[PDB]
Amino acid sequence: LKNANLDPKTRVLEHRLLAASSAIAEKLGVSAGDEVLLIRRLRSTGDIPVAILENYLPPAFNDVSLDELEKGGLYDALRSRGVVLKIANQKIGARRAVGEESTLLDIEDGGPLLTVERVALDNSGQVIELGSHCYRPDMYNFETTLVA
Amino acid sequence: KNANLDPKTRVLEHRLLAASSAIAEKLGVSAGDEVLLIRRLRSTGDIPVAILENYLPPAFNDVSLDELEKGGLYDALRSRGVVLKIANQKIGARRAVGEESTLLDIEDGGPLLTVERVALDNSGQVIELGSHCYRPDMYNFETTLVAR
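If you're matching them up, the sequences are chains C and A in order.
Residues in the first sequence are numbered consecutively from 1, following the deposited numbering.
Residues in the second sequence are numbered consecutively from 2, following the deposited numbering.
In structure tokens:
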């Protein structure tokens with residue numbers, strides 16, 4: 001919504017190259033042990049927390065830097081590497097905040113979060129990016145329009 | 002099929018009431034017009050899943066208890082020669098309040114997935130308003146977005 005999109009700012013919480021587990025490899029369509037990138041970001045609008053964003057990037061995009069991610073969006077970084085999004089599959093759910101989430105998002109302990117599980121695909125059906133995101137629902141909701 | 006759990010529905014409330022300014026605005030009618038409120042509990046097998054709430058405009062305010070026993074709301078609207086063309090949905094999350102936690106068999110203050118829905122027909126007439134909440138361990142909203 002309007003407030004969330006007003007003044008987007010990002011702080012990187014984690015940026016870590018790691019060996020893809022068989023599970024992660026299968027989801028990305030790559031090989032187990034491949035060098036993939038885990039990123040975790042706190043997204044704000046100005047000083048107001050909005051979301052915690054988590055992604056896995058496959059080896060082709062594992063050189064996305066921490067600085068790129070605090071200066072611009074994930075898709076700015078991906079676009080500079082020739083990515084063209086064709087399909088985004090998203091599953092929207094909800095859950096309680098756990099661990100440090102309520103502190104990072106400045107909400108109540110055990111308070112509700114909106115969740116997104118995301119798989120983004122290019123035109124050849126290859127996985128661009130896997131997302132697992134959570135949003136404070138007073139700052140962000142998902143809007144859709146279906147036409148029969 | 003052996004592991005499938007069939008959807009179940011029971012009617013909690015079915016009453017004609019005067020449209021508030023907000024409801025009238027959303028339906029495209031006059032404040033105070035006679036609208037139908039329907040509330041239902043939807044379950045999956047034996048497990049409560051969703052509290053469904055709908056408002057129907059005067060044209061459709063005769064949907065009966067009997068037709069809600071025999072089919073859903075859209076079966077009833079189909080009987081009236083009404084077919085859905087457009088659905089706008091807003092997906093959020095919040096805490097369960099009041100009898101919501103006992104209706105859904107969850108914790109008081111536990112998270113709920115929410116949807117606000119406006120359904121329109123091919124003439125752009127609002128057919129139905131929905132305001133639903135779901136146990137998020139039993140239900141998620143799946144979406145696919147295809148870039149052109």
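For every residue, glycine included, the Cβ atom is placed at its ideal position computed from N, Cα and C.
Local conformation of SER44(C) per DSSP, three classes:
Secondary structure of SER44(C) (DSSP, three-state): strand.
Contact set between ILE92(A) and chain B, taken where Cβ atoms lie within less than 8 Å:
Going by chain labels, chain B is absent from the structure shown, which instead holds the protein chains C and A.
Cutoff 6 Å; reference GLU68(C); Cβ partners in own chain excluding five residues on either side
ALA77
Beta-carbon contacts of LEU104(C) that lie in its chain and below 7 Å, excluding the five residues immediately before and after:
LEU42, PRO49 and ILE52
Chain A within 7 Å of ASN89(C), Cβ atoms only:
Among the CB atoms of chain A, one or more fall inside 7 Å of the CB of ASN89(C).
Just the C-alpha distance for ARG16(A) and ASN141(C), rounded to the nearest angstrom, thanks.
30 Å
Consider the Cβ of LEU85(C): report whether some Cβ of chain A lies at a distance smaller than 7 Å.
yes
Under 7 Å Cβ to Cβ from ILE107(C), same chain only, skipping five residues before and after it: list those, please.
Around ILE107(C): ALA97 and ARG136.
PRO49(C) versus chain A: which residues are under 7 Å apart at the beta carbon?
Here the premise fails: no neighbours, minimum Cβ distance about 16 Å.
Taking all protein chains shown into account, decide if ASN3(C) is buried (16 or more other Cβ within 10 angstroms of its Cβ) or exposed.
exposed
What do you get for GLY111(A), buried or exposed, if any count of 16 or more other CB atoms within 10 angstroms of its CB means buried?
buried
Strand pairing of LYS9(C), partner residues [DSSP]:
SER44(C)
The beta strand (DSSP E) spanning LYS91(C) covers which residue range?
87-96
Give me the residue from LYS27(C), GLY82(C) and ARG95(C) with the minimum Cα distance to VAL119(C).
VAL119(C) has its Cα closest to that of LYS27(C), out of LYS27(C), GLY82(C) and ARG95(C).
Identify the residues that DSSP records as bridge partners of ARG16(A): which are they?
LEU38(A)
Would you kindly report the start and end of the unbroken alpha helix (DSSP H) that includes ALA25(C)?
22-28
Measure from the alpha carbon of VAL83(A) to the alpha carbon of each residue in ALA94(A), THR115(A) and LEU121(A), then state which is nearest.
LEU121(A)
Hey, would you say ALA88(C) sits closer than 7 Å to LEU114(A), going by beta carbons?
Taking C-beta atoms as the reference points, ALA88(C) and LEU114(A) fail to come closer than 7 Å.
When DSSP builds the beta bridges, which residues end up paired with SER132(C)?
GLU54(C) and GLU117(C)
Grab the span of the alpha helix (DSSP H) containing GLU101(C) for me, first residue to last.
101-105
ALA60(A) versus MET139(A) - alpha carbon distance:
C-alpha separation (whole angstroms): 34 Å.
Please report the residue range of the alpha helix (DSSP H) in which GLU68(C) lies.
66-71
Minimum Cβ-Cβ distance from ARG96(A) to chain C less than 7 Å
Interface residue, yes.
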